[PDB]
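The structure under discussion appears below in the form of C-alpha cells.
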Amino acid sequence: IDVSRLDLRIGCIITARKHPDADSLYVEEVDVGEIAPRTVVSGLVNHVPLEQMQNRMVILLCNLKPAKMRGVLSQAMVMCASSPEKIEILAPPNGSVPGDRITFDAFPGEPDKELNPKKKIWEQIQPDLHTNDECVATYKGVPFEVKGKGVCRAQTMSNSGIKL
C-alpha cells in the first residue's frame with residue numbers, strides 16, 4: 001500500500017466562512033477542476049484567519065468517503081502539516097491549476113475511486129507522509145510535486161507529520 005492509492009489534487013478555495021452550526025470549523029467551497037466546486041469542512045479556525053482562507057490554492061485529498069459535519073457534507077480534505085501545537089496549510093507551487101494531480105513516478109498507480117472507510121488504508125500511508133528538513137511535503141522523502149511547476153511545502157513546519 002503506497003501513496004498511489006490517494007487522489008491528491010490542487011484546488012482553489014473560492015469561498016470560506018465560519019460553519020453556520022459549528023463555530024470551531026470553516027466551510028469552504030473549493031474548485032478542484034470539476035464542473036462544480038466541492039464543499040469542504042476544515043477545523044482551521046484556530047490556525048488560519050478567515051481572511052487568509054479566501055482564494056487560496058491548496059492540495060486536497062479527493063477520494064475519501066464524503067461525510068457530514070453538522071448538516072454539512074464534506075467532500076474533500078485540505079492537506080496540512082501538523083503537530084499538537086500547530087497546523088499549516090500546504091502550499092502548492094506558483095502557477096498550479098485546480099485539478100492538477102500530485103503523482104509519483106516512484107509510486108505508479110491509479111487512486112482508489114473511494115478509499116474504503118472500513119480498513120482505513122490511509123492510516124498505513126500517513127506514517128510515511130511528512131515535510132522534510134526544508135518544509136517540503138514528501139511521501140517517503142519523495143517531494144509532492146505539480147508537474148512542471150515545483151514542489152508543495154509548509155511555511156515553517158519542518159519534519160512534521162501530514163495527517164489523512
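Here's how to read the names in the C-alpha cells: chain A, B, ... by the order shown, residue numbers from 1 in each chain, ligand numbers from 1 in the order shown.
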
Compile a residue-level contact table for range 91-111 of chain A against range 126-149 of chain A at a cut-off of 8 Å, reporting for every qualifying residue the shortest atom pair and its distance in Å to one decimal, with only C-alpha atoms counted, rows ordered by chain and ascending number, as JSON lines.
```
{"residue": "A:92", "atom": "CA", "partner": "A:146", "partner_atom": "CA", "distance": 7.5}
{"residue": "A:93", "atom": "CA", "partner": "A:149", "partner_atom": "CA", "distance": 6.0}
{"residue": "A:94", "atom": "CA", "partner": "A:149", "partner_atom": "CA", "distance": 6.8}
{"residue": "A:95", "atom": "CA", "partner": "A:149", "partner_atom": "CA", "distance": 6.6}
{"residue": "A:96", "atom": "CA", "partner": "A:149", "partner_atom": "CA", "distance": 6.8}
{"residue": "A:100", "atom": "CA", "partner": "A:146", "partner_atom": "CA", "distance": 6.8}
{"residue": "A:101", "atom": "CA", "partner": "A:146", "partner_atom": "CA", "distance": 6.8}
{"residue": "A:102", "atom": "CA", "partner": "A:146", "partner_atom": "CA", "distance": 5.7}
{"residue": "A:103", "atom": "CA", "partner": "A:145", "partner_atom": "CA", "distance": 7.2}
{"residue": "A:104", "atom": "CA", "partner": "A:144", "partner_atom": "CA", "distance": 7.8}
```

What does the file look like for those residues with C-alpha atoms, as a compact mmCIF listing (two decimals), in the first residue's frame?
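Contents of out_21.txt, as written:
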```txt
# COMPACT_ATOMS: atom_id res chain seq x y z
CA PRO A 92 1.27 24.28 -4.00
CA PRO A 93 4.00 25.84 -6.19
CA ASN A 94 3.18 29.04 -8.07
CA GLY A 95 1.12 28.55 -11.20
CA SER A 96 -0.74 25.42 -10.09
CA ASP A 100 -3.63 19.32 -11.24
CA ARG A 101 -2.76 15.90 -9.84
CA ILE A 102 0.09 15.14 -7.43
CA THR A 103 1.57 11.85 -8.66
CA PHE A 104 4.83 9.98 -8.12
```

query: Quick one: DSSP strand (DSSP E) residues in range 4-145 of chain A, as an MDAnalysis selection string?
result: chainID A and resid 8:19 22:31 38:42 56:61 67:68 73:74 77:78 80:83 86:89 129:131 137:139 142:143 145

message: I'd like to know which of A:86, A:5, A:118, A:17 is closest to residue 156 in chain A, using only C-alpha atoms.
response: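 Using only C-alpha atoms, residue 156 in chain A sits closest to A:86.
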
Where does range 59-116 of chain A meet range 29-43 of chain A within 6 Å, residue by residue, with the nearest atom pair and distance in Å to one decimal for each, counting only C-alpha atoms, listed by chain and rising number, as CSV?
```
residue,atom,partner,partner_atom,distance
A:74,CA,A:40,CA,4.5
A:75,CA,A:40,CA,5.6
A:76,CA,A:40,CA,5.6
A:98,CA,A:32,CA,4.8
A:99,CA,A:33,CA,4.1
```

message: Could you list, as a ChimeraX atom specification, every residue within 8 Å of residue 1 in chain A, counting only C-alpha atoms and ignoring same-chain residues fewer than 6 positions away?
response: /A:121,124-125

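Across A:66, A:7, A:47, A:78, the tightest approach to residue 28 in chain A is made by A:78 when counting only C-alpha atoms.
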
task: Just give me the gap between CA of residue 54 in chain A and CA of residue 15 in chain A in Å, one decimal is fine.
output: 5.8 Å

From A:59, A:14, A:52, A:161, residue lying nearest residue 90 in chain A [only C-alpha atoms]: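 Among the listed residues, A:59 lies closest to residue 90 in chain A.
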
query: Nearest to residue 152 in chain A among A:60, A:87, A:48, A:72, with distances taken over only C-alpha atoms: which residue is it?
result: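 Closest to residue 152 in chain A of all the choices is A:60.
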
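Closest approach to residue 45 in chain A from the set A:159, A:24, A:83, A:116 is made by A:24, with distances taken over only C-alpha atoms.
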